[PDB]
Amino acid sequence: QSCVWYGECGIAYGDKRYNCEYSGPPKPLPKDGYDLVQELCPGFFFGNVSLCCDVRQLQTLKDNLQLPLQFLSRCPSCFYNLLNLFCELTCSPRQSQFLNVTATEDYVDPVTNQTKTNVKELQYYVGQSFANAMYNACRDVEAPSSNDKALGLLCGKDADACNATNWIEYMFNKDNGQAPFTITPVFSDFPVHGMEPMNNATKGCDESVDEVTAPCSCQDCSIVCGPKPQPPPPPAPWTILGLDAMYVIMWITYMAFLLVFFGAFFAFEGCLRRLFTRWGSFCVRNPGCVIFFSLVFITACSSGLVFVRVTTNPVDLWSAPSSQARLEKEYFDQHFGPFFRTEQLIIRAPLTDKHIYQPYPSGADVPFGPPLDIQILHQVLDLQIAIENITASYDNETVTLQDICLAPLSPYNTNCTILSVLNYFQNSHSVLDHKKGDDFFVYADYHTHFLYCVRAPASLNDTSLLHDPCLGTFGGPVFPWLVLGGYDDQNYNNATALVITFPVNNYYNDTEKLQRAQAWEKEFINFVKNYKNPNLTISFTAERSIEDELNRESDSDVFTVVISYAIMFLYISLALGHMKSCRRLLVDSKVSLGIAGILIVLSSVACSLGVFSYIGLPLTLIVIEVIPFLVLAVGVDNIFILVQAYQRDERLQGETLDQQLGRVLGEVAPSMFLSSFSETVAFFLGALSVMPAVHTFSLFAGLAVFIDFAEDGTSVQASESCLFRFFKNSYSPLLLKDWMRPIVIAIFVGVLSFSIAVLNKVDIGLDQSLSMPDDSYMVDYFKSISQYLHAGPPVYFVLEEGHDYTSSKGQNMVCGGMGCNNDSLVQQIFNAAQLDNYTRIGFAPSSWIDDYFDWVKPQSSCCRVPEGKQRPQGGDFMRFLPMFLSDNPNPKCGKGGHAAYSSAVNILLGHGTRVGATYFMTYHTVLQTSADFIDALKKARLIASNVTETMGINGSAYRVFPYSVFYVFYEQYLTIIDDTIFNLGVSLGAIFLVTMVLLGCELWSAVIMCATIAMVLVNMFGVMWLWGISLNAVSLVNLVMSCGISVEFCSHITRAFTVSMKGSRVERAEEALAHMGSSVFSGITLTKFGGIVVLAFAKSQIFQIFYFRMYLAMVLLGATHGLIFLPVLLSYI
Ligand SMILES: *[C@@H]1O[C@H](CO)[C@@H](O[C@@H]2O[C@H](CO)[C@@H](O)[C@H](O)[C@H]2NC(C)=O)[C@H](O)[C@H]1NC(C)=O
Ligand SMILES: CC(C)CCC[C@@H](C)[C@H]1CC[C@H]2[C@@H]3CC=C4C[C@@H](O)CC[C@]4(C)[C@H]3CC[C@]12C
Ligand SMILES: *[C@@H]1O[C@H](CO)[C@@H](O)[C@H](O)[C@H]1NC(C)=O
Ligand SMILES: *[C@@H]1O[C@H](CO)[C@@H](O)[C@H](O)[C@H]1NC(C)=O
């Protein structure tokens, strides 16, 4: 083994040295060079480390690595072979085999005058295969942020002219101003005149350099690339449903035809109860006090229980508690509580054009969208600074953004967190205004930094001539997707919108601090609303917009329903007693039910919004049945009055009917104890139902009687009219309603198929105020970013190997997410992840850093490591040490010094084994619809299952958690399918069982009433999934009420028809329905007559425009079916 040089001699040019000629054997490297050799040329680091280089040469090699690193650092395999080319030249103990000195000159030591010899030039015999592999591993590497190949910057020519041998030739030519002296390469896989070319093994860009150094990426490599995604599923059925409906229709038609052809070819208990009731009445018919006294008692119980009208309604608790939805939210809290909320603005520049700007030294045309005009950025910065300076007052105190913001690096840094493109310029007008240029070029400006910072937002030093940091003033990177909108692919320069985001404390556990934050928010909303700049359109996130709009909009419409309620109760008042006899009752009846309900609920605590539309419209049941019992008696007139004339007309039609009506109602509201977020309003009303029932018992009858004994004339006429109507109805049924009845069946059939073959969750569409609209419009337009978090809490974490396995799970999750997409982009996640396992690794790779104590004090630097061999081991496993260091950070360590810390961990003392709870979050955009977010949530749950299902263990111990400002809120829209089927199902049983608690005709009554259950439902669904309909936490309650009123109708028509004393074919039926038809047109008609004022009327928002919309449609359909349904059933019988 022999050298050609050893050590450094004279200056060549600049700061550059020739090496000293030396032709002896290699020399063991001093221990003081072991770090350098381990770092640069670890292949030589064994035995006596006998090399043809000294420590000075290795230091010089390290110092010269800056420019290759500048362009190749991202692809370690590419850089590795290059380093080996230089290591072999500099240090190989067999230099003489592949190097031949070709020029020299004297070196004279200035002090001793001893002569040595500069190696001025030499020839280097490089393997052909080595050179080609070195080029091959680097040829796809892309410059840090640039569609140009890194080799175009290291080859003295463009990448399309760069080849393996001319690249090496260029690097080795002193003319390049970097190489200290020229090395002339000769490329051969064969010996050349006894020289044995350097042909060291090489690594491709698809290979790992070592155990702690991964292969190169796709973006910077070719070998390790592909394949894209191919898991797209395409479903689409439905026609089947249509065919079935059609088939059914055909069958029906056939049946009808057949029928036509044929015609051409040819109880005790109940009674007893009634009797008892009558007896009671007769007794009661001997005193008014008792009754009223009872009403008075109810006046108290109702009002009494209403003590402390604390009937809350806020804030966002309707998904109900318990289960996973709530339990999951609570869990994430104990670990961190409320991650926090964001006030967010989207900003566009409608009066500004795009523009071009060549960035040195490429000079390629890069277009920049309207909002990235330099002047609009200055204007957006002024907006931003003004927002930071907003103050609100609460009590006598002042509230700033600095009091409520996420300031991640407090106290050492109170700097608030503002996600904005202006934070790439540290929110500084001057810094952004800067621009290093001369008479010839602009070398660096607000463009270069931008194009660099979108690729390296954590950088504390632009690689351009500006040398400005990218890191935001809050101490963390601002990711480009989260601050720009309306750009294509990752061409952030083409953005048509800026997004500005301020995280502020939600203060879920602190009431006094939350109120202060909400005071600030109100000022923020005001500031934005009144901000004047023709150059910018600014639009909303906040908090009140969604909470203030609902409480600010939902009011005017009140006057609508209110009015309608009055005009309706007026008619129902005129109807029967007309005068001041019936009015009193009702007013008391409606009050009793409403008052009683509030009292029944006060004994358990509860409250709600829709709980009002139900309470009011629900009261109808009490009025309807109550409005027909009195009317029927009015139509009475025999040998008796008051005495038996009241018990024979009351305990005869009111006993059974009412008795059955009250039950069918209590069964729908009573059994409302189910599982969901509506049982409260439900039960409360159902309870108010028996109450309202027992009320109108002796109260209405007695009162109506006690007092019942121009106005008279009017009553008679109405009665007469009713009678006439009944007669007409009878006549109609007499003819033949078989054809139309079949047609009706068709309508129901078509409805079931059209209603069962549509569906939907529920979106958010509030009135057109302003704020809310802005946020809704901005969201629709924007895209790519704006977020929620998927999040896991994990336990244990102590077995180096289980951490490696958990990291593989984590990396795999990042992949699927960055893949799963839809239409023209991903849907699932976003997405990507920054747990921490990578931070530790980074630390291991590198080194220390300075911490500067606040306000003053000497600098503190402290740390260490642990390479080379150990380095790989340390990073591989163990974790207490790393963990306790990694949690305490706030100043990088290398070429700069910034902040790169976080949170989520919280062990005790130095028990690193007890660490919790690491949390990884990938924010994904959506804002599509109630069904869109629900679909994404559905995917995330399966993602959580897949990760937890992959590698589990013992029983239970934490799992996946998808907490996104949309869950708990949409969590309900999840089990909506089971709810509807379960909710209605529970009523179908309570109704079929109740209607039998005083009958049990097997198929007679059972089917009669049972048919009404599916009869009306198909209508409600049709209108909902058919025309102007909807569905949600309310619609579900809507369907419930529908089945309720429906039961009411049927109940009366049927309890008196089924029996039928003097029985017949279809004659007795027409007789019963007659006395029941008059009431069907009274309450029903009126009720509709009221909705119209509510439905046919107007409003200032679609909100109720639907709620009270279907009501009238669904309520109307049910009423119509009442008469038809009964008639059809009778005929069938
Ligand atoms: C160039 O290749 C040679 C031959 O593989 C490397 O020398 C070997 O290095 C390993 C790793 O330390 C030792 O185990 C062998 O004993 C060495 N063999 C010989 C013949 O010396 C050398 O490390 C490579 N050069 C560089 C810079 O990595
Ligand atoms: C202009 C760009 C492409 C140059 C990129 C390659 C540079 C970094 C290369 C070209 C020639 C190389 C030098 C070749 C010879 C020596 C002598 C050695 O005893 C110390 C290292 C040193 C000084 C090398 C450092 C790296 C070097 C300067
Ligand atoms: C080195 O190669 C050159 C030709 O390039 C030759 O003239 C010289 O004699 C050789 N010296 C040695 C030691 O091989
Ligand atoms: C879940 O992972 C399993 C393998 O464990 C895989 O077969 C399936 O395609 C994955 N599904 C989703 C939705 O990620």
# chains A, B, ... in the order shown; residues from 1 in each chain; ligands from 1

call {"tool": "residues_near_ligand", "arguments": {"ligand": "ligand 4", "cutoff": "7 Å", "atoms": "only C-alpha atoms and all ligand atoms", "output": "mmCIF file with N, CA, C and O atoms, in the first residue's frame"}}
result
data_model
loop_
_atom_site.group_PDB
_atom_site.id
_atom_site.type_symbol
_atom_site.label_atom_id
_atom_site.label_comp_id
_atom_site.auth_asym_id
_atom_site.auth_seq_id
_atom_site.Cartn_x
_atom_site.Cartn_y
_atom_site.Cartn_z
ATOM 1 N N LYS A 939 -65.286 6.272 7.150
ATOM 2 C CA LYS A 939 -63.983 5.770 6.723
ATOM 3 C C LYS A 939 -62.957 5.773 7.859
ATOM 4 O O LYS A 939 -62.203 4.815 8.025
ATOM 5 N N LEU A 942 -63.285 2.864 10.317
ATOM 6 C CA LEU A 942 -62.673 1.660 9.747
ATOM 7 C C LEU A 942 -61.142 1.710 9.763
ATOM 8 O O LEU A 942 -60.496 0.696 10.043
ATOM 9 N N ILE A 943 -60.573 3.002 9.473
ATOM 10 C CA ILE A 943 -59.135 3.262 9.610
ATOM 11 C C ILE A 943 -58.642 2.970 11.028
ATOM 12 O O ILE A 943 -57.629 2.316 11.206
ATOM 13 N N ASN A 946 -58.706 -0.804 11.509
ATOM 14 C CA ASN A 946 -57.630 -1.448 10.767
ATOM 15 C C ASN A 946 -56.292 -1.325 11.485
ATOM 16 O O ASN A 946 -55.519 -2.281 11.545
ATOM 17 N N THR A 950 -54.832 -4.514 13.354
ATOM 18 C CA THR A 950 -53.573 -5.051 12.851
ATOM 19 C C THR A 950 -52.766 -5.702 13.969
ATOM 20 O O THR A 950 -52.539 -6.912 13.961
#

call {"tool": "residues_near_ligand", "arguments": {"ligand": "ligand 1", "cutoff": "10 Å", "atoms": "only C-alpha atoms and all ligand atoms", "output": "PyMOL selection string"}}
result
chain A and resi 37+40-47+49+80-94+198-202

call {"tool": "atom_distance", "arguments": {"atom1": "atom CA of residue 619 of chain A", "atom2": "atom CA of residue 593 of chain A"}}
result
6.5 Å

call {"tool": "closest_residue", "arguments": {"among": "A:9, A:366, A:376, A:186", "to": "ligand 3", "atoms": "only C-alpha atoms and all ligand atoms"}}
result
A:186

call {"tool": "residues_near_ligand", "arguments": {"ligand": "ligand 3", "cutoff": "12 Å", "atoms": "only C-alpha atoms and all ligand atoms", "output": "PyMOL selection string"}}
result
chain A and resi 2-4+23+95-103+121-125+184-186+192-196

call {"tool": "write_last_selection", "arguments": {"atoms": "N, CA and C atoms", "output": "PDB file, in the first residue's frame"}}
result
ATOM      1  N   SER A   2       0.500   2.203  -0.860  1.00  0.00           N
ATOM      2  CA  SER A   2       1.260   3.436  -0.970  1.00  0.00           C
ATOM      3  C   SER A   2       0.373   4.626  -1.293  1.00  0.00           C
ATOM      4  N   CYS A   3       0.776   5.766  -0.753  1.00  0.00           N
ATOM      5  CA  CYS A   3       0.133   7.062  -0.945  1.00  0.00           C
ATOM      6  C   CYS A   3       0.756   7.827  -2.105  1.00  0.00           C
ATOM      7  N   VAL A   4       0.064   8.884  -2.532  1.00  0.00           N
ATOM      8  CA  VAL A   4       0.632   9.898  -3.409  1.00  0.00           C
ATOM      9  C   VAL A   4       0.720  11.256  -2.725  1.00  0.00           C
ATOM     10  N   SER A  23       4.989   9.668  -0.890  1.00  0.00           N
ATOM     11  CA  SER A  23       4.895   8.373  -1.567  1.00  0.00           C
ATOM     12  C   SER A  23       5.161   7.171  -0.654  1.00  0.00           C
ATOM     13  N   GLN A  95      -4.155   4.537  -2.589  1.00  0.00           N
ATOM     14  CA  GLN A  95      -4.130   5.651  -3.583  1.00  0.00           C
ATOM     15  C   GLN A  95      -3.289   5.408  -4.804  1.00  0.00           C
ATOM     16  N   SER A  96      -2.085   4.887  -4.586  1.00  0.00           N
ATOM     17  CA  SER A  96      -1.102   4.720  -5.663  1.00  0.00           C
ATOM     18  C   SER A  96      -1.608   3.794  -6.777  1.00  0.00           C
ATOM     19  N   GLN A  97      -2.600   2.954  -6.471  1.00  0.00           N
ATOM     20  CA  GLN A  97      -3.201   2.083  -7.503  1.00  0.00           C
ATOM     21  C   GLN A  97      -4.031   2.849  -8.524  1.00  0.00           C
ATOM     22  N   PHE A  98      -4.618   3.960  -8.090  1.00  0.00           N
ATOM     23  CA  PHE A  98      -5.555   4.684  -8.957  1.00  0.00           C
ATOM     24  C   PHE A  98      -5.316   6.191  -9.107  1.00  0.00           C
ATOM     25  N   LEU A  99      -4.228   6.694  -8.519  1.00  0.00           N
ATOM     26  CA  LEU A  99      -3.867   8.099  -8.656  1.00  0.00           C
ATOM     27  C   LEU A  99      -2.443   8.202  -9.151  1.00  0.00           C
ATOM     28  N   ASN A 100      -2.209   9.152 -10.052  1.00  0.00           N
ATOM     29  CA  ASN A 100      -0.876   9.387 -10.591  1.00  0.00           C
ATOM     30  C   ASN A 100      -0.571  10.877 -10.682  1.00  0.00           C
ATOM     31  N   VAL A 101       0.346  11.346  -9.840  1.00  0.00           N
ATOM     32  CA  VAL A 101       0.680  12.775  -9.803  1.00  0.00           C
ATOM     33  C   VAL A 101       1.217  13.191 -11.165  1.00  0.00           C
ATOM     34  N   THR A 102       0.719  14.320 -11.682  1.00  0.00           N
ATOM     35  CA  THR A 102       1.123  14.744 -13.016  1.00  0.00           C
ATOM     36  C   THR A 102       1.784  16.107 -13.038  1.00  0.00           C
ATOM     37  N   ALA A 103       1.667  16.863 -11.954  1.00  0.00           N
ATOM     38  CA  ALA A 103       2.346  18.155 -11.872  1.00  0.00           C
ATOM     39  C   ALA A 103       2.595  18.519 -10.438  1.00  0.00           C
ATOM     40  N   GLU A 121      -1.388  18.843  -9.839  1.00  0.00           N
ATOM     41  CA  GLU A 121      -2.419  18.149 -10.618  1.00  0.00           C
ATOM     42  C   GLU A 121      -2.157  16.663 -10.529  1.00  0.00           C
ATOM     43  N   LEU A 122      -3.222  15.871 -10.614  1.00  0.00           N
ATOM     44  CA  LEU A 122      -3.055  14.436 -10.694  1.00  0.00           C
ATOM     45  C   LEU A 122      -4.152  13.817 -11.510  1.00  0.00           C
ATOM     46  N   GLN A 123      -3.925  12.583 -11.899  1.00  0.00           N
ATOM     47  CA  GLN A 123      -4.886  11.864 -12.736  1.00  0.00           C
ATOM     48  C   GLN A 123      -5.537  10.801 -11.851  1.00  0.00           C
ATOM     49  N   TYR A 124      -6.858  10.647 -11.936  1.00  0.00           N
ATOM     50  CA  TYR A 124      -7.610   9.741 -11.062  1.00  0.00           C
ATOM     51  C   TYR A 124      -8.332   8.723 -11.923  1.00  0.00           C
ATOM     52  N   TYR A 125      -7.959   7.453 -11.720  1.00  0.00           N
ATOM     53  CA  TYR A 125      -8.526   6.338 -12.500  1.00  0.00           C
ATOM     54  C   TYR A 125      -9.784   5.889 -11.791  1.00  0.00           C
ATOM     55  N   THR A 184      -7.625  15.138 -13.156  1.00  0.00           N
ATOM     56  CA  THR A 184      -8.067  14.733 -14.508  1.00  0.00           C
ATOM     57  C   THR A 184      -8.546  13.275 -14.411  1.00  0.00           C
ATOM     58  N   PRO A 185      -9.859  13.004 -14.617  1.00  0.00           N
ATOM     59  CA  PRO A 185     -10.346  11.625 -14.476  1.00  0.00           C
ATOM     60  C   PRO A 185     -10.150  10.793 -15.740  1.00  0.00           C
ATOM     61  N   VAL A 186      -9.853   9.526 -15.534  1.00  0.00           N
ATOM     62  CA  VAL A 186      -9.779   8.518 -16.609  1.00  0.00           C
ATOM     63  C   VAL A 186     -10.775   7.437 -16.207  1.00  0.00           C
ATOM     64  N   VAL A 192      -5.345  -0.029 -16.441  1.00  0.00           N
ATOM     65  CA  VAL A 192      -4.799   0.821 -17.479  1.00  0.00           C
ATOM     66  C   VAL A 192      -3.334   0.974 -17.166  1.00  0.00           C
ATOM     67  N   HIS A 193      -2.477   0.314 -17.956  1.00  0.00           N
ATOM     68  CA  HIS A 193      -1.035   0.383 -17.738  1.00  0.00           C
ATOM     69  C   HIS A 193      -0.691   0.103 -16.282  1.00  0.00           C
ATOM     70  N   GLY A 194      -1.322  -0.922 -15.728  1.00  0.00           N
ATOM     71  CA  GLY A 194      -1.023  -1.293 -14.353  1.00  0.00           C
ATOM     72  C   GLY A 194      -1.804  -0.566 -13.281  1.00  0.00           C
ATOM     73  N   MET A 195      -2.493   0.524 -13.640  1.00  0.00           N
ATOM     74  CA  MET A 195      -3.370   1.202 -12.684  1.00  0.00           C
ATOM     75  C   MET A 195      -4.692   0.450 -12.531  1.00  0.00           C
ATOM     76  N   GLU A 196      -5.162   0.319 -11.298  1.00  0.00           N
ATOM     77  CA  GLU A 196      -6.392  -0.411 -11.017  1.00  0.00           C
ATOM     78  C   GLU A 196      -7.455   0.613 -10.622  1.00  0.00           C
TER      79      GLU A 196
END

call {"tool": "residues_around", "arguments": {"residues": "segment 601-606 of chain A", "least_positions_apart": "3", "cutoff": "10 Å", "atoms": "only C-alpha atoms", "output": "mmCIF file with N, CA and C atoms, in the first residue's frame"}}
result
data_model
loop_
_atom_site.group_PDB
_atom_site.id
_atom_site.type_symbol
_atom_site.label_atom_id
_atom_site.label_comp_id
_atom_site.auth_asym_id
_atom_site.auth_seq_id
_atom_site.Cartn_x
_atom_site.Cartn_y
_atom_site.Cartn_z
ATOM 1 N N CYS A 301 -98.810 22.410 40.617
ATOM 2 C CA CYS A 301 -97.894 21.372 40.149
ATOM 3 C C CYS A 301 -97.178 21.798 38.875
ATOM 4 N N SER A 302 -97.937 22.303 37.910
ATOM 5 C CA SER A 302 -97.338 22.752 36.669
ATOM 6 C C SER A 302 -96.377 23.896 36.923
ATOM 7 N N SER A 303 -96.910 25.028 37.371
ATOM 8 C CA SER A 303 -96.092 26.201 37.654
ATOM 9 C C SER A 303 -95.051 25.902 38.728
ATOM 10 N N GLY A 304 -95.481 25.223 39.788
ATOM 11 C CA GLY A 304 -94.591 24.875 40.880
ATOM 12 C C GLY A 304 -93.318 24.208 40.400
ATOM 13 N N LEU A 305 -93.471 23.162 39.594
ATOM 14 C CA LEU A 305 -92.327 22.431 39.062
ATOM 15 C C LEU A 305 -91.520 23.295 38.099
ATOM 16 N N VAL A 306 -92.154 24.339 37.575
ATOM 17 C CA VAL A 306 -91.496 25.245 36.641
ATOM 18 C C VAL A 306 -90.586 26.225 37.372
ATOM 19 N N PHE A 307 -90.399 25.999 38.668
ATOM 20 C CA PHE A 307 -89.551 26.862 39.482
ATOM 21 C C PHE A 307 -88.135 26.931 38.921
ATOM 22 N N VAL A 308 -87.677 28.143 38.630
ATOM 23 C CA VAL A 308 -86.339 28.348 38.087
ATOM 24 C C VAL A 308 -86.300 28.038 36.594
ATOM 25 N N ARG A 309 -87.046 28.813 35.814
ATOM 26 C CA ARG A 309 -87.100 28.622 34.370
ATOM 27 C C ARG A 309 -85.699 28.524 33.773
ATOM 28 N N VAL A 310 -84.845 27.727 34.408
ATOM 29 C CA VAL A 310 -83.476 27.545 33.941
ATOM 30 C C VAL A 310 -83.437 26.718 32.660
ATOM 31 N N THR A 311 -84.599 26.547 32.036
ATOM 32 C CA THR A 311 -84.700 25.776 30.803
ATOM 33 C C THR A 311 -83.587 26.145 29.829
ATOM 34 N N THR A 312 -82.422 25.530 30.008
ATOM 35 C CA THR A 312 -81.277 25.792 29.144
ATOM 36 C C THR A 312 -81.553 25.349 27.712
ATOM 37 N N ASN A 313 -80.709 25.795 26.788
ATOM 38 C CA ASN A 313 -80.860 25.445 25.379
ATOM 39 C C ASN A 313 -79.507 25.360 24.684
ATOM 40 N N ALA A 596 -98.684 21.386 32.202
ATOM 41 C CA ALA A 596 -98.441 20.097 32.814
ATOM 42 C C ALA A 596 -97.146 19.505 32.305
ATOM 43 N N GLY A 597 -96.918 19.623 30.999
ATOM 44 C CA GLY A 597 -95.703 19.097 30.391
ATOM 45 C C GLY A 597 -94.483 19.717 31.063
ATOM 46 N N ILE A 598 -94.440 21.045 31.096
ATOM 47 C CA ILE A 598 -93.329 21.761 31.711
ATOM 48 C C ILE A 598 -93.105 21.298 33.147
ATOM 49 N N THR A 680 -86.501 13.402 25.585
ATOM 50 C CA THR A 680 -86.931 14.462 26.489
ATOM 51 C C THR A 680 -88.214 15.120 25.995
ATOM 52 N N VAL A 681 -88.106 15.873 24.905
ATOM 53 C CA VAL A 681 -89.258 16.557 24.329
ATOM 54 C C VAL A 681 -90.419 15.594 24.112
ATOM 55 N N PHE A 683 -91.301 12.231 25.556
ATOM 56 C CA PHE A 683 -91.931 11.840 26.812
ATOM 57 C C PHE A 683 -92.686 12.999 27.454
ATOM 58 N N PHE A 684 -92.002 14.124 27.638
ATOM 59 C CA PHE A 684 -92.611 15.286 28.277
ATOM 60 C C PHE A 684 -93.978 15.582 27.672
ATOM 61 N N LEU A 685 -94.074 15.477 26.348
ATOM 62 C CA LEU A 685 -95.334 15.737 25.667
ATOM 63 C C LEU A 685 -96.308 14.577 25.880
ATOM 64 N N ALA A 687 -96.369 12.542 28.367
ATOM 65 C CA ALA A 687 -96.819 12.602 29.750
ATOM 66 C C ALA A 687 -97.928 13.643 29.790
ATOM 67 N N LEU A 688 -97.641 14.825 29.255
ATOM 68 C CA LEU A 688 -98.634 15.889 29.187
ATOM 69 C C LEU A 688 -99.902 15.386 28.508
#

call {"tool": "residues_near_ligand", "arguments": {"ligand": "ligand 2", "cutoff": "6 Å", "atoms": "only C-alpha atoms and all ligand atoms", "output": "PyMOL selection string"}}
result
chain A and resi 57+60-61+64-65+68+90+154-155+171-172+176+178-180

call {"tool": "residues_around", "arguments": {"residues": "residue 904 of chain A", "least_positions_apart": "4", "cutoff": "9 Å", "atoms": "only C-alpha atoms", "output": "list in words"}}
result
residues 335, 336, 916, 917, 918 and 919 of chain A

call {"tool": "atom_distance", "arguments": {"atom1": "atom CA of residue 617 of chain A", "atom2": "atom CA of residue 690 of chain A"}}
result
16.3 Å

call {"tool": "atom_distance", "arguments": {"atom1": "atom CA of residue 455 of chain A", "atom2": "atom CA of residue 157 of chain A"}}
result
25.0 Å

call {"tool": "closest_atom_pairs", "arguments": {"of": "segment 747-815 of chain A", "to": "segment 314-334 of chain A", "cutoff": "10 Å", "atoms": "only C-alpha atoms", "output": "CSV"}}
result
residue,atom,partner,partner_atom,distance
A:791,CA,A:332,CA,8.5
A:792,CA,A:332,CA,8.6
A:793,CA,A:332,CA,7.6

call {"tool": "residues_around", "arguments": {"residues": "residue 505 of chain A", "least_positions_apart": "5", "cutoff": "7 Å", "atoms": "only C-alpha atoms", "output": "PyMOL selection string"}}
result
chain A and resi 340-341+404-406

call {"tool": "write_last_selection", "arguments": {"atoms": "C-alpha atoms", "output": "short mmCIF file (atom, residue, chain, number, x, y, z; two decimals), in the first residue's frame"}}
result
data_model
loop_
_atom_site.label_atom_id
_atom_site.label_comp_id
_atom_site.auth_asym_id
_atom_site.auth_seq_id
_atom_site.Cartn_x
_atom_site.Cartn_y
_atom_site.Cartn_z
CA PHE A 340 -59.08 24.52 20.70
CA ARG A 341 -61.09 26.55 18.21
CA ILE A 404 -56.85 33.84 24.67
CA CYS A 405 -54.55 32.62 21.86
CA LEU A 406 -52.50 29.59 21.34
#

call {"tool": "residues_around", "arguments": {"residues": "residue 214 of chain A", "least_positions_apart": "6", "cutoff": "10 Å", "atoms": "only C-alpha atoms", "output": "list in words"}}
result
residues 75, 76, 77, 205, 206, 207 and 208 of chain A

call {"tool": "residues_around", "arguments": {"residues": "residue 462 of chain A", "least_positions_apart": "3", "cutoff": "12 Å", "atoms": "only C-alpha atoms", "output": "PyMOL selection string"}}
result
chain A and resi 70+144-145+424-425+444-459+465-471+895-896

call {"tool": "select_by_dssp", "arguments": {"residues": "segment 48-166 of chain A", "states": "strand (DSSP E or B)", "output": "list in words"}}
result
residues 50, 51, 99, 100, 101, 102, 103, 104, 105, 106, 107, 108, 115, 116, 117, 118, 119, 120, 121, 122, 123, 124, 125, 126, 142 and 149 of chain A

call {"tool": "closest_residue", "arguments": {"among": "A:392, A:296, A:576, A:153", "to": "residue 704 of chain A", "atoms": "only C-alpha atoms"}}
result
A:576

call {"tool": "closest_residue", "arguments": {"among": "A:1056, A:67, A:1043, A:1066", "to": "residue 1119 of chain A", "atoms": "only C-alpha atoms"}}
result
A:1043
